RNA sequence: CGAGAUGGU
RNA sequence: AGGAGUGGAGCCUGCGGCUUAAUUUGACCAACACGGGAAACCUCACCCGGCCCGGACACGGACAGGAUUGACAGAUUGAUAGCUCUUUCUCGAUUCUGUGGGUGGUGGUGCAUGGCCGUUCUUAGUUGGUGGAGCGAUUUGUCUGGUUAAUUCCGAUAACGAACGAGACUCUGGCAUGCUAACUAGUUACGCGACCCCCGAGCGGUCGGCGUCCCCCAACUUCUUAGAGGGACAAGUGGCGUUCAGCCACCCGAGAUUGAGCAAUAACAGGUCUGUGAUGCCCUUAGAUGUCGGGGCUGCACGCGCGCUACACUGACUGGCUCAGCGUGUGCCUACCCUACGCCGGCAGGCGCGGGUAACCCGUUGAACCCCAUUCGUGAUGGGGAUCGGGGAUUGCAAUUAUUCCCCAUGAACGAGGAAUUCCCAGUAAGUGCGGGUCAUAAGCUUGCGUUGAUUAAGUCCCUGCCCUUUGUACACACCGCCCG
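Residue numbers (the authors' numbering), protein chains in the order written: chain f, 82 to 152; chain R, 50 to 143; chain M, 1 to 98; chain e, 4 to 56; chain W, 61 to 119; chain j, 4 to 115; chain F, 1 to 162.
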């Protein structure tokens, strides 16, 4: 029930980066395929879905609370 | 003590990483109802007061007390002179 | 997102089959009772039925902490389309009383 | 959406509220009524209570 | 059953009270008969707002 | 809440000089003044702190409500003509008058 | 119910049920001329009897509203499927029912008719219907920003004793 | 037959 | 006329003032243990910080090499809030974005309102129709007198005939050896059966005494429950009354005033928007006046209100004996109830194992004062128990600014209270303890119940007020009025 005195570390929300869709597959020869980033050893996520590569970890973005390997 | 061990990790980090024969930096917290354990002696804590953090150097005589016992929530009273309405004779007519 | 499309279809199919809906005004209970078991909260039911009312496709009433909703002829037309049902179906209420 | 979005409410004035109007002050727990005192004087005749003395 | 409440909705005035009550009346009857015929006689004149309950052995 | 006069006359709406009493400063055409004498007929003699004394009058809104007195601190509106005469706009409590002097708004002349 | 509840709780809960049902019907059937509800029990079945002045509005085009009201009463109060039946019944001597006269005066005022013309309109109809007397009162901002009230009265009217 | 003035909401 | 007091002391609790980041706020006979207001968190409105959308719908844009969603680790943070920063996986048309428009609010106005409650006001008061009187506002009816708790009756009469309040009415207390009839209530008696005592005419017995010791396929309704009827009318006798209406004493009788509920016309700038999905207008609406973490509502030179404990011998302490009534009980989202019996511990408390959804189990509800015996000896004392140190249990997510409970120690003021001032007429005042509410934990409050049980009155208008009539007025904002130098 008053006029409001304002904070000064202001953001509304962050901005989500924009990138092109797919770089996890390679064609090397006519009819030869390579998969560049690996699937996680898992029940539901065992095919077509990939672990991130960071500078010291491999991480599953789908199983996001877990599925992290320390190299 | 579910997720109240996090303060003890930050305290033992600060005890480990301080320069030799010099005091740690402050760790600052809301946890006023933490008991002083013998792990916590010779350590700097900032304990929240409802608007500010007051720093404490934990002496070993503080063992078994609460962290909130050393950081007080109010100012001691000292009186100004009484106002209108304070006594039955004090009445005002225009 | 407001809700997964899996939830939104399960509210509309239960509404179209039964012809009416009932819920209490509490956003915190984790599951709606009855055939909204298999995981949808009643917050999704309140928010779904509000969006259906402002289109004119349901009527609303309220007493003692409970909502009541009734389906109407423009809403029957819209849900039969959205659920892809045959044009001849009317599963809720049909037989004349005596 | 947050994982810590509620606090325990298994006793005290946070647990209970009126069945007619959702208010928390001056409610009646006697015989399983759970009405507010102002809502009870409004519905007492329909519930079946009377005054004689 | 008894409930006693302040009359005021807001806490002002001289301090009057309301005294509400409800009274409940109970009876028992015992019969010497087959289980097939209590089902007959316990089905007529029972139209008013009275509870009726029966148990197959208590004597 | 507490009455501070005593009578039958509960027939009004209560004064409530409380809560959001947001502090008021000058605009153009206004001055702060201290009351020097009170006359009959709803008028008074006042000195403003840049040193021009005036005869001054209670606005119709302040009648039998905001009781003015000798040595009290007030906000006054000047006239574009008839410079000897002015009208009262507000009274400051001794709690507000010290805040005006703490913001440096008053010369060191006013009594509190 | 794996073990039965005590008689004190049973008799209070049965009264709390009739109170909420009467509130729901009061605000659903207001323009349709509702005036009361009666409920009765028989083995495996509950019958609810509902009184109104314009019973065809309680039914709807082929009984739609009786089927919709049967569904929501069952859904809200937790009866098993098909154990609930609703019957509409016509009010006898509708001039001697105070609730039907309070609602018809409310809709007559809400349509913009003048206060005294409306109030003497119901006062005549109650006394022509065969009452011994009546009292009608309206209060609020009747003509201006400061509140007022009107009393309209005819015949006999008692105030004290049983 | 003691003394018994006055009136912001 | 009197009784118990209150005002004086210590402590509890509500209010003002002061203090503060905040100490949220309404209310001044008819406010102040009142908001059912006993705030650890929640409640919560106040103060310091941080996430979230739970911004319908319409129109336009952006968009399937994609509109948008979620997150590990390190830094950051009170925080395991992917809040934000670095990184690079993930989801799939549900969102995002601009404009219009909504929605919520213990925000503002009770001096814009509805509903409810209090008060004028616990007294006897109030009003049409037709007729009579006045140019009229108005008046009579609605009264000189007698009588009553009463505008209750009698009677009188330019009025006649009616309506509401009063009374009747509803609940409750006291009586029935008469009625109906009980293994969820008892008594008596015996087929009898069993333990103990010889105290008894008399044996260790048929026969006596004691029993909440135990069967009845014995008899019954006095004691308990609760349905129907009965009974009391100023009815009888003696006085007094315009001999009417009534009033006083007395016989007979369980009883010649039992106690509550409900209550008119006309008002008040009475209280409540903080009971509500009762509500107009105004304010605010994504850096929110719509959720979590910590603090405050308890802060203390001081003035006031409702209360608890006491100042002792008509007592305090330690043993022994023997008597109640009204109620509540496994929570229907919401997750907890009342307890016998056995064992461990000085105590608070702990473990085991049964009954109760209740005339069935806690329970024959072994209540306190009171009653009988002991110790102290007129001493601030073995009266009084404030203030304060140390240790142990129980509730809870959490007890420090001490939740409540138990133990040893410390041992204040206070010797019947100045001017003032409250309540009360019989199973009453006062003394004494027990249930219900609120309750995870918990009465010095409040709303009911039983137990012990007085002194003083049977009146008056003096003080403070109320009702009716005659009377005066410069008042009608109505004596808290109006008005002169």
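Note that the Cβ used here is the ideal one computed from N, Cα and C, for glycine as well.
(request) Could you say if the segment 109 to 119 of chain f and the segment 84 to 101 of chain f meet the contact criterion of at least three C-beta pairs nearer than 8 Å? (result) Below 8 Å, too few C-beta pairs join the segment 109 to 119 of chain f and the segment 84 to 101 of chain f to call them touching: fewer than three.
(request) Taking all protein chains shown into account, decide if residue 157 of chain F is buried (16 or more other Cβ within 10 angstroms of its Cβ) or exposed. (result) The residue labelled residue 157 of chain F in the question sits at position 157 within the seventh chain. By the neighbour-count criterion, in which 16 or more other beta carbons inside 10 Å mark a residue as buried, residue 157 of chain F falls on the exposed side.
(message) At the level of alpha carbons, what is the spacing between residue 73 of chain M and residue 93 of chain F?
(response) On the third chain, position 73 is the one that residue 73 of chain M refers to. On the seventh chain, position 93 is the one that residue 93 of chain F refers to. Whole-angstrom Cα-Cα distance: 37 Å.
(request) Find the residues of chain R that neighbour residue 7 of chain j, judging by a C-beta separation of less than 8 Å, and give them in chain order. (result) Within the sixth chain, residue 7 of chain j is the residue found at index 4, counting from 1. Neighbours of residue 7 of chain j across chain R, judged by C-beta separation under 8 Å: 133, 134, 140, 141.
(request) Compare the C-beta of residue 8 of chain F with all C-beta atoms of chain W and state if any pair is closer than 8 Å. (result) Along the seventh chain, one-based indexing puts residue 8 of chain F at 8. Interface criterion met: the Cβ of residue 8 of chain F is under 8 Å from a Cβ in chain W.
(request) Could you have a look at residue 134 of chain F and say whether DSSP puts it in helix, strand or coil? (result) For the purposes of this step, residue 134 of chain F is taken as the residue at position 134 of the seventh chain. Strand at residue 134 of chain F.
(message) By DSSP's criteria, residue 77 of chain j is part of a beta bridge. Which residues make up the other side?
(response) Walking along the sixth chain from the start, residue 77 of chain j turns up at place 74. Paired residues: j/36, j/94.
(request) Output the distance between the C-alpha atoms of residue 123 of chain f and residue 105 of chain f, rounded to the nearest integer angstrom. (result) For the purposes of this step, residue 123 of chain f is taken as residue 42 along the first chain, with counting starting at 1. For the purposes of this step, residue 105 of chain f is taken as residue 24 along the first chain, with counting starting at 1. Rounded to the nearest angstrom, the two C-alpha atoms are 19 Å apart.
(request) For the alpha helix (DSSP H) holding residue 61 of chain R, just list the boundary residues, first then last. (result) As a first step, residue 61 of chain R is located in the second chain; it is residue number 12 there, counting from the start. Where residue 61 of chain R is concerned, the enclosing alpha helix (DSSP H) stretches over 54 to 66.
(message) Considering Cα atoms alone, identify which of f/83, f/101, f/130, f/111 is closest to residue 145 of chain f.
(response) Numbered from 1 along the first chain, position 64 holds the residue referred to as residue 145 of chain f. Restricting attention to f/83, f/101, f/130, f/111, the CA atom closest to the CA of residue 145 of chain f is found in f/130.
(request) Would you verify that the beta carbon of residue 88 of chain W is, or is not, closer than 8 Å to some beta carbon of chain F? (result) Along the fifth chain, one-based indexing puts residue 88 of chain W at 28. It does not; no Cβ of chain F falls within 8 Å.
(message) According to DSSP, is residue 102 of chain R part of a helix, a strand, or is it coil?
(response) The sequence position of residue 102 of chain R within the second chain is 53, counting from 1. Looking at residue 102 of chain R - three-state DSSP - the assignment turns out to be strand.
(request) May I have the straight-line CA-CA distance separating residue 85 of chain f from residue 20 of chain j, to the nearest angstrom? (result) As a working mapping, residue 85 of chain f is identified with position 4 in the first chain. As a working mapping, residue 20 of chain j is identified with position 17 in the sixth chain. Spanning the two alpha carbons is a distance of roughly 22 Å.
(request) Assess, as a yes-or-no matter, whether the segment 59 to 73 of chain M is touched by the segment 22 to 42 of chain M under the definition of 3 or more beta carbon pairs within less than 8 Å. (result) The segment 22 to 42 of chain M makes contact with the segment 59 to 73 of chain M: 3 or more CB pairs, one atom from each, lie closer than 8 Å.
(request) Give a yes or no on contact between the segment 73 to 87 of chain F and the segment 42 to 49 of chain F, applying the rule of three or more CB pairs nearer than 8 Å. (result) Contact between the segment 73 to 87 of chain F and the segment 42 to 49 of chain F is present, because at least three Cβ pairs lie under 8 Å.
(request) Have a look at residue 92 of chain M and residue 15 of chain M and give me their C-alpha separation to the nearest angstrom. (result) Position 92 of the third chain, counting from 1, holds the residue named residue 92 of chain M. Position 15 of the third chain, counting from 1, holds the residue named residue 15 of chain M. Using only the alpha carbons, I get a separation of about 9 Å.
(message) I'd like to check one pair, residue 47 of chain j with residue 38 of chain j: are the Cβ atoms closer than 8 Å?
(response) Along the sixth chain, read from residue 1 onward, the residue named residue 38 of chain j stands at position 35. Along the sixth chain, read from residue 1 onward, the residue named residue 47 of chain j stands at position 44. Cβ distance < 8 Å, so residue 38 of chain j and residue 47 of chain j count as in contact.
(message) Just to confirm my understanding: we take residue 87 of chain R, look at its own chain, exclude 5 residues before and 5 after, and list those with CB closer than 7 Å. What are they?
(response) Taking the second chain and counting its residues from 1, one reaches residue 87 of chain R at position 38. Closer than 7 Å at Cβ, skipping near neighbours: 112.
(request) Please list the partners that residue 25 of chain e has in chain M, where partner means a Cβ-to-Cβ separation under 9 Å. (result) On the fourth chain, position 22 is the one that residue 25 of chain e refers to. 25, 65, listed in chain order.
(request) Tell me, please, whether the CB atom of residue 75 of chain M is closer than 8 Å to any CB atom in chain F? (result) If you number the third chain from 1, residue 75 of chain M lands on position 75. Judged by the 8 Å Cβ criterion, residue 75 of chain M is not in contact with chain F.
(request) With 9 Å as the C-beta to C-beta threshold (strictly closer), list the residues of the segment 9 to 35 of chain F near chain W in chain order. (result) Residues 10, 11, 12, 15.
(request) Tell whether a beta-carbon distance below 8 Å holds between residue 16 of chain j and residue 74 of chain j. (result) Against the sixth chain, residue 16 of chain j aligns to sequence position 13. Against the sixth chain, residue 74 of chain j aligns to sequence position 71. It is not a contact, given that the beta carbons lie outside the stated cut-off.
(request) Compare the Cα-Cα distances from residue 60 of chain j to each of j/88, j/72, j/11 and report the closest residue. (result) The residue you call residue 60 of chain j lines up with position 57 of the sixth chain. Cα-wise, what sits closest to residue 60 of chain j is j/88.
(message) List, from N- to C-terminal side, the beta strand (DSSP E) runs of 3 residues or more that fit wholly inside the segment 14 to 94 of chain M.
(response) Counting whole runs of 3 or more residues, the segment 14 to 94 of chain M contains the beta strand (DSSP E) stretches 20 to 24, 58 to 63, 66 to 71.
(request) Pick helix, strand or coil for residue 42 of chain F, following the three-state DSSP scheme. (result) In the seventh chain, counting from the first residue as 1, residue 42 of chain F sits at position 42. Taken through DSSP and simplified to helix, strand or coil, residue 42 of chain F comes out as strand.
(request) Give the DSSP-derived three-state secondary structure of residue 60 of chain j in the structure shown. (result) Numbered from its first residue, the sixth chain carries residue 60 of chain j at position 57. In this structure, DSSP gives residue 60 of chain j an extended state, which the three-state scheme calls strand.
(message) Quick check: residue 51 of chain F and residue 115 of chain F, are their CB atoms within less than 8 Å of each other?
(response) As a position in the seventh chain, residue 51 of chain F is number 51, starting the count at 1. As a position in the seventh chain, residue 115 of chain F is number 115, starting the count at 1. The Cβ atoms of residue 51 of chain F and residue 115 of chain F do not sit closer than 8 Å to each other.
(request) Find the residues of chain e that neighbour residue 63 of chain W, judging by a C-beta separation of less than 9 Å, and give them in chain order. (result) By 1-based counting over the fifth chain, the position of residue 63 of chain W is 3. What residue 63 of chain W touches in chain e: 31, 33, 34, 36, 43, 47, 52.
(request) Check whether the Cβ atoms of residue 95 of chain R and residue 103 of chain R lie closer than 8 Å to each other. (result) Translated into the one-based positions of the second chain, residue 95 of chain R becomes position 46. Translated into the one-based positions of the second chain, residue 103 of chain R becomes position 54. Taking 8 Å as the cut-off, the Cβ atoms of residue 95 of chain R and residue 103 of chain R count as close.
(request) Consider the Cβ of residue 22 of chain e: report whether some Cβ of chain W lies at a distance smaller than 8 Å. (result) Counting from 1 along the fourth chain, the entry for residue 22 of chain e is found at position 19. Not an interface residue.
(request) Using three-state DSSP, classify residue 58 of chain F as helix, strand or coil. (result) Within the seventh chain, the letter at position 58 stands for residue 58 of chain F. Three-state result, residue 58 of chain F: helix.
(message) With three or more C-beta pairs closer than 8 Å as the rule, is the segment 45 to 52 of chain M touching the segment 118 to 134 of chain R?
(response) Taking a cut-off of 8 Å for Cβ pairs, the segment 118 to 134 of chain R and the segment 45 to 52 of chain M do not touch, as fewer than three such pairs fall below it.
(request) Check whether the Cβ atoms of residue 95 of chain W and residue 63 of chain W sit closer than 8 Å, and answer yes or no. (result) Your numbering for residue 95 of chain W matches position 35 in the fifth chain. Your numbering for residue 63 of chain W matches position 3 in the fifth chain. Result no, Cβ atoms of residue 95 of chain W and residue 63 of chain W do not sit closer than 8 Å.
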